[PDB]
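**Student:** This is entry_32.pdb (PDB, C-alpha atoms and all ligand atoms).
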MODEL        1
ATOM      1  CA  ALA Q   2     -52.460 146.583  55.372
ATOM      2  CA  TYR Q   3     -49.097 147.551  56.876
ATOM      3  CA  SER Q   4     -46.837 150.616  56.514
ATOM      4  CA  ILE Q   5     -43.287 149.687  55.520
ATOM      5  CA  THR Q   6     -40.838 152.534  56.008
ATOM      6  CA  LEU Q   7     -37.920 151.845  53.686
ATOM      7  CA  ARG Q   8     -34.712 153.688  54.516
ATOM      8  CA  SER Q   9     -31.654 153.639  52.304
ATOM      9  CA  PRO Q  10     -28.010 154.137  53.349
ATOM     10  CA  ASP Q  11     -27.989 157.373  51.296
ATOM     11  CA  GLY Q  12     -30.754 158.801  53.465
ATOM     12  CA  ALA Q  13     -33.840 158.293  51.329
ATOM     13  CA  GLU Q  14     -37.035 157.334  53.123
ATOM     14  CA  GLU Q  15     -40.239 156.113  51.501
ATOM     15  CA  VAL Q  16     -43.363 154.547  53.058
ATOM     16  CA  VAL Q  17     -44.842 151.673  51.061
ATOM     17  CA  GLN Q  18     -48.153 150.024  51.863
ATOM     18  CA  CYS Q  19     -48.091 146.222  51.809
ATOM     19  CA  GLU Q  20     -50.493 143.426  52.699
ATOM     20  CA  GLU Q  21     -49.706 140.481  54.997
ATOM     21  CA  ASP Q  22     -49.613 138.060  52.030
ATOM     22  CA  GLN Q  23     -47.736 140.414  49.705
ATOM     23  CA  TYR Q  24     -43.971 140.464  49.204
ATOM     24  CA  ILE Q  25     -42.106 143.533  50.417
ATOM     25  CA  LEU Q  26     -40.042 143.860  47.217
ATOM     26  CA  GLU Q  27     -43.117 143.560  44.986
ATOM     27  CA  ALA Q  28     -44.878 146.258  46.996
ATOM     28  CA  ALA Q  29     -41.851 148.569  46.815
ATOM     29  CA  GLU Q  30     -41.530 148.068  43.062
ATOM     30  CA  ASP Q  31     -45.260 148.861  42.564
ATOM     31  CA  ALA Q  32     -44.505 152.144  44.377
ATOM     32  CA  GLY Q  33     -41.806 152.863  41.845
ATOM     33  CA  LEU Q  34     -38.764 152.268  44.016
ATOM     34  CA  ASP Q  35     -35.392 151.111  42.673
ATOM     35  CA  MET Q  36     -34.545 148.079  44.849
ATOM     36  CA  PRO Q  37     -31.765 145.469  44.359
ATOM     37  CA  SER Q  38     -32.592 141.867  43.508
ATOM     38  CA  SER Q  39     -31.409 138.921  41.495
ATOM     39  CA  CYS Q  40     -32.907 135.427  41.993
ATOM     40  CA  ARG Q  41     -36.233 136.728  43.456
ATOM     41  CA  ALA Q  42     -36.548 133.313  45.120
ATOM     42  CA  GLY Q  43     -35.000 133.737  48.565
ATOM     43  CA  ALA Q  44     -31.803 131.905  47.600
ATOM     44  CA  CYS Q  45     -29.246 134.709  47.280
ATOM     45  CA  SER Q  46     -28.531 137.903  49.152
ATOM     46  CA  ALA Q  47     -29.058 140.560  46.488
ATOM     47  CA  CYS Q  48     -32.344 141.958  47.838
ATOM     48  CA  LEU Q  49     -31.207 141.985  51.470
ATOM     49  CA  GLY Q  50     -32.586 144.496  53.921
ATOM     50  CA  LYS Q  51     -32.329 144.842  57.688
ATOM     51  CA  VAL Q  52     -35.520 145.032  59.764
ATOM     52  CA  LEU Q  53     -34.950 147.792  62.304
ATOM     53  CA  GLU Q  54     -38.489 147.895  63.762
ATOM     54  CA  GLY Q  55     -41.591 145.727  63.392
ATOM     55  CA  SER Q  56     -41.959 142.114  62.381
ATOM     56  CA  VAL Q  57     -41.601 140.226  59.070
ATOM     57  CA  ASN Q  58     -42.460 136.680  57.905
ATOM     58  CA  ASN Q  59     -39.279 135.131  56.420
ATOM     59  CA  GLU Q  60     -40.633 131.581  56.092
ATOM     60  CA  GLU Q  61     -40.219 131.414  52.312
ATOM     61  CA  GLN Q  62     -36.493 132.250  52.288
ATOM     62  CA  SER Q  63     -33.673 129.732  52.406
ATOM     63  CA  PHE Q  64     -30.313 131.559  52.200
ATOM     64  CA  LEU Q  65     -30.074 133.150  55.649
ATOM     65  CA  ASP Q  66     -29.650 130.977  58.719
ATOM     66  CA  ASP Q  67     -31.530 131.271  61.991
ATOM     67  CA  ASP Q  68     -29.011 133.572  63.715
ATOM     68  CA  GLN Q  69     -28.975 135.943  60.703
ATOM     69  CA  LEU Q  70     -32.771 136.106  60.722
ATOM     70  CA  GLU Q  71     -32.717 136.858  64.440
ATOM     71  CA  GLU Q  72     -30.403 139.853  63.862
ATOM     72  CA  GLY Q  73     -33.036 141.279  61.489
ATOM     73  CA  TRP Q  74     -31.575 140.394  58.123
ATOM     74  CA  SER Q  75     -34.369 139.750  55.611
ATOM     75  CA  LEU Q  76     -34.580 138.801  51.927
ATOM     76  CA  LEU Q  77     -37.233 141.233  50.768
ATOM     77  CA  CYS Q  78     -38.090 139.380  47.535
ATOM     78  CA  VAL Q  79     -39.987 136.733  49.589
ATOM     79  CA  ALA Q  80     -40.463 138.514  52.936
ATOM     80  CA  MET Q  81     -44.010 139.483  53.940
ATOM     81  CA  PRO Q  82     -44.787 142.019  56.650
ATOM     82  CA  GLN Q  83     -46.437 141.160  59.943
ATOM     83  CA  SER Q  84     -46.627 144.699  61.323
ATOM     84  CA  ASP Q  85     -45.765 148.176  60.397
ATOM     85  CA  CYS Q  86     -42.020 148.110  60.110
ATOM     86  CA  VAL Q  87     -38.847 150.038  59.303
ATOM     87  CA  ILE Q  88     -36.405 148.319  56.958
ATOM     88  CA  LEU Q  89     -32.942 149.447  55.856
ATOM     89  CA  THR Q  90     -32.350 148.666  52.193
ATOM     90  CA  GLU Q  91     -29.273 147.884  50.044
ATOM     91  CA  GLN Q  92     -27.719 145.730  52.748
ATOM     92  CA  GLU Q  93     -26.130 142.817  50.826
ATOM     93  CA  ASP Q  94     -22.528 143.916  51.352
ATOM     94  CA  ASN Q  95     -23.105 144.442  55.118
ATOM     95  CA  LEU Q  96     -24.270 140.873  55.654
ATOM     96  CA  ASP Q  97     -22.104 139.276  58.359
TER      97      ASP Q  97
HETATM   98  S1  LIG O 101     -33.227 138.425  45.108
HETATM   99 FE1  LIG O 101     -32.163 136.517  45.705
HETATM  100  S2  LIG O 101     -32.835 136.241  47.813
HETATM  101 FE2  LIG O 101     -34.014 137.959  47.144
HETATM  102 ZN    ZN O 102     -38.882 159.318  58.714
HETATM  103 ZN    ZN O 103     -48.421 144.628  42.905
HETATM  104 ZN    ZN O 104     -23.975 140.552  45.158
HETATM  105 ZN    ZN O 105     -41.482 153.343  65.434
HETATM  106 ZN    ZN O 106     -25.118 131.799  61.458
ENDMDL
END
In structure tokens, what does this structure look like?
Ligand code: FES
Ligand SMILES: [Zn+2]
Ligand SMILES: [Zn+2]
Ligand SMILES: [Zn+2]
Ligand SMILES: [Zn+2]
Ligand SMILES: [Zn+2]
**Tutor:**
Amino acid sequence: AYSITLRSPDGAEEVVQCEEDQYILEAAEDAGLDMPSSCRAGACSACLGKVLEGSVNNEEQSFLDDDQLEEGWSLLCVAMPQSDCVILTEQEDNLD
């Protein structure tokens, strides 16, 4: 299992454990965290986070393009971790 450090823009930090075949958002919600989402299918931006450290599998998503993925943007509803990682939450409105 992997340690996912979730950091919010308001300064909260929580570490959520998540398996390599488990979605980041699902894991966070199990842990009781209040995370944004809408379609839960990788086709919008509502659940967006930014991967600051570590590695995530974004293969199931469809909304972000290749350059956005490279910058670290990640739709957490269908993202799965590939390492311990640090992810900034609540990022929809910062998507560029
Ligand atoms: S909630 Fe729509 S892409 Fe994640
Ligand atoms: Zn810390
Ligand atoms: Zn669960
Ligand atoms: Zn929105
Ligand atoms: Zn580190
Ligand atoms: Zn682009």
**Student:** Report as a PyMOL selection string the full result of the PyMOL selection byres (((chain Q and resi 20) around 9) and not hetatm) when it is applied to this structure.
**Tutor:** chain Q and resi 2-4+18-19+21-25+28+81-83
**Student:** Which polymer residues, whether protein, DNA or RNA, lie within 9 Å of the coordinate (-40.6, 137.9, 50.4) when you count only C-alpha atoms? List them as a list in words, using the chain letters and numbers from the file.
**Tutor:**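 I get residues 23, 24, 25, 26, 27, 41, 42, 43, 58, 59, 60, 61, 62, 75, 76, 77, 78, 79, 80, 81 and 82 of chain Q for the residues within 9 Å of that point.
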**Student:** With only C-alpha atoms and all ligand atoms counted and 10 Å as the cut-off, give the residues of chain Q in contact with ligand ZN 102 (chain O), each with its shortest interatomic distance in Å and the pair that gives it, as CSV.
**Tutor:**
residue,atom,partner,partner_atom,distance
Q:6,CA,O:ZN102,ZN,7.6
Q:7,CA,O:ZN102,ZN,9.1
Q:8,CA,O:ZN102,ZN,8.2
Q:12,CA,O:ZN102,ZN,9.7
Q:13,CA,O:ZN102,ZN,9.0
Q:14,CA,O:ZN102,ZN,6.2
Q:15,CA,O:ZN102,ZN,8.0
Q:16,CA,O:ZN102,ZN,8.7
Q:87,CA,O:ZN102,ZN,9.3
**Student:** Env of residue 72 of chain Q: 12 Å cut, atoms = all atoms listed in the file, seq-sep filter 5 positions within chain, self excluded. Answer as an mmCIF file with C-alpha atoms, in the frame of the given file.
**Tutor:**
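Output (result_26.cif):
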data_model
loop_
_atom_site.group_PDB
_atom_site.id
_atom_site.type_symbol
_atom_site.label_atom_id
_atom_site.label_comp_id
_atom_site.auth_asym_id
_atom_site.auth_seq_id
_atom_site.Cartn_x
_atom_site.Cartn_y
_atom_site.Cartn_z
ATOM 1 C CA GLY Q 50 -32.586 144.496 53.921
ATOM 2 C CA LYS Q 51 -32.329 144.842 57.688
ATOM 3 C CA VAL Q 52 -35.520 145.032 59.764
ATOM 4 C CA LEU Q 53 -34.950 147.792 62.304
ATOM 5 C CA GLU Q 54 -38.489 147.895 63.762
ATOM 6 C CA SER Q 56 -41.959 142.114 62.381
ATOM 7 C CA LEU Q 65 -30.074 133.150 55.649
ATOM 8 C CA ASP Q 66 -29.650 130.977 58.719
ATOM 9 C CA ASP Q 67 -31.530 131.271 61.991
ATOM 10 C CA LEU Q 96 -24.270 140.873 55.654
ATOM 11 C CA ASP Q 97 -22.104 139.276 58.359
#
**Student:** Compare Q:93, Q:11, Q:68, Q:55 by their minimum atom-to-atom distance to ligand ZN 105 (chain O), counting all atoms listed in the file, and give me the closest one.
**Tutor:** Q:55
**Student:** Between atom CA of residue 92 of chain Q and atom CA of residue 30 of chain Q, what is the distance in Å, rounded to a tenth?
**Tutor:**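 So the two atoms, atom CA of residue 92 of chain Q and atom CA of residue 30 of chain Q, lie 17.0 Å apart.
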**Student:** Measuring atom to atom with only C-alpha atoms, identify which of Q:70, Q:85, Q:90, Q:63 is nearest to residue 34 of chain Q.
**Tutor:**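 Smallest distance to residue 34 of chain Q is found for Q:90.
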**Student:** Check which residues fall inside 9 Å of ligand ZN 104 (chain O) when counting only C-alpha atoms and all ligand atoms, and print them as a list in words.
**Tutor:**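 My answer, listing the contacting residues, is residues 38, 39, 45, 46, 47, 48, 93 and 94 of chain Q.
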**Student:** Using all atoms listed in the file, can you tell me which of Q:74, Q:44, Q:10, Q:49 comes closest to ligand ZN 106 (chain O)?
**Tutor:**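 Looking only at the distances to ligand ZN 106 (chain O), the closest residue turns out to be Q:74.
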**Student:** Between atom ZN of ligand ZN 106 (chain O) and atom CA of residue 64 of chain Q, measure the distance and give it in Å to one decimal.
**Tutor:**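 Distance reported for this atom pair: 10.6 Å.
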**Student:** Provide the atom CA of residue 9 of chain Q to atom CA of residue 91 of chain Q distance in Å, to one decimal place.
**Tutor:**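 A separation of 6.6 Å between them.
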**Student:** Measuring between only C-alpha atoms and all ligand atoms, which one of Q:89, Q:32, Q:57, Q:5 shows the shortest distance to ligand ZN 103 (chain O)?
**Tutor:**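 Of Q:89, Q:32, Q:57, Q:5, the one nearest ligand ZN 103 (chain O) is Q:32, counting only C-alpha atoms and all ligand atoms.
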**Student:** Out of Q:31, Q:69, Q:88, Q:95, which residue has the shortest atom-to-atom distance to ligand ZN 105 (chain O) when counting only C-alpha atoms and all ligand atoms?
**Tutor:**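 Of all the options, Q:88 lies closest to ligand ZN 105 (chain O).
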**Student:** Could you rebuild segment 57-75 of chain Q with N, CA, C and O atoms and give me the result as a short mmCIF file (atom, residue, chain, number, x, y, z; two decimals), keeping the file's coordinate frame?
**Tutor:**
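Output file selection.cif follows:
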data_model
loop_
_atom_site.label_atom_id
_atom_site.label_comp_id
_atom_site.auth_asym_id
_atom_site.auth_seq_id
_atom_site.Cartn_x
_atom_site.Cartn_y
_atom_site.Cartn_z
N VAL Q 57 -41.41 140.73 60.44
CA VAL Q 57 -41.60 140.23 59.07
C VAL Q 57 -41.63 138.71 59.08
O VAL Q 57 -41.07 138.06 59.98
N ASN Q 58 -42.37 138.14 58.12
CA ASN Q 58 -42.46 136.68 57.90
C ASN Q 58 -41.39 136.31 56.88
O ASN Q 58 -41.53 136.62 55.71
N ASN Q 59 -40.36 135.56 57.30
CA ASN Q 59 -39.28 135.13 56.42
C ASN Q 59 -39.38 133.66 56.05
O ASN Q 59 -38.38 133.10 55.60
N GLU Q 60 -40.56 133.05 56.20
CA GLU Q 60 -40.63 131.58 56.09
C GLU Q 60 -40.30 131.08 54.71
O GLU Q 60 -39.88 129.91 54.59
N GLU Q 61 -40.44 131.91 53.67
CA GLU Q 61 -40.22 131.41 52.31
C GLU Q 61 -38.74 131.46 51.90
O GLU Q 61 -38.38 130.88 50.87
N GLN Q 62 -37.88 132.05 52.69
CA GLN Q 62 -36.49 132.25 52.29
C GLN Q 62 -35.70 131.02 52.70
O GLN Q 62 -36.15 130.23 53.52
N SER Q 63 -34.51 130.87 52.11
CA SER Q 63 -33.67 129.73 52.41
C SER Q 63 -32.19 130.09 52.58
O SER Q 63 -31.45 129.26 53.10
N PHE Q 64 -31.74 131.27 52.22
CA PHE Q 64 -30.31 131.56 52.20
C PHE Q 64 -29.75 131.92 53.56
O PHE Q 64 -28.61 131.54 53.90
N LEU Q 65 -30.50 132.72 54.33
CA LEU Q 65 -30.07 133.15 55.65
C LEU Q 65 -30.33 132.03 56.66
O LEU Q 65 -31.31 131.27 56.55
N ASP Q 66 -29.47 131.96 57.66
CA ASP Q 66 -29.65 130.98 58.72
C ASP Q 66 -30.42 131.63 59.88
O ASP Q 66 -30.71 132.84 59.88
N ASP Q 67 -30.64 130.83 60.92
CA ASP Q 67 -31.53 131.27 61.99
C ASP Q 67 -30.94 132.45 62.76
O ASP Q 67 -31.67 133.40 63.09
N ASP Q 68 -29.62 132.47 62.97
CA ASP Q 68 -29.01 133.57 63.72
C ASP Q 68 -29.04 134.86 62.89
O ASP Q 68 -29.21 135.95 63.44
N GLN Q 69 -28.91 134.75 61.55
CA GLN Q 69 -28.98 135.94 60.70
C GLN Q 69 -30.39 136.51 60.74
O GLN Q 69 -30.58 137.75 60.84
N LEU Q 70 -31.38 135.64 60.65
CA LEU Q 70 -32.77 136.11 60.72
C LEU Q 70 -33.02 136.80 62.04
O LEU Q 70 -33.69 137.82 62.09
N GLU Q 71 -32.51 136.25 63.13
CA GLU Q 71 -32.72 136.86 64.44
C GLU Q 71 -32.13 138.27 64.52
O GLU Q 71 -32.63 139.11 65.29
N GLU Q 72 -31.02 138.52 63.84
CA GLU Q 72 -30.40 139.85 63.86
C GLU Q 72 -31.23 140.86 63.08
O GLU Q 72 -31.05 142.06 63.26
N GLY Q 73 -32.16 140.40 62.25
CA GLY Q 73 -33.04 141.28 61.49
C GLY Q 73 -32.82 141.24 60.00
O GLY Q 73 -33.50 141.93 59.25
N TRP Q 74 -31.81 140.52 59.53
CA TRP Q 74 -31.58 140.39 58.12
C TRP Q 74 -32.80 139.73 57.48
O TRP Q 74 -33.35 138.80 58.01
N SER Q 75 -33.16 140.20 56.29
CA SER Q 75 -34.37 139.75 55.61
C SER Q 75 -34.22 139.86 54.10
O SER Q 75 -33.77 140.87 53.57
#
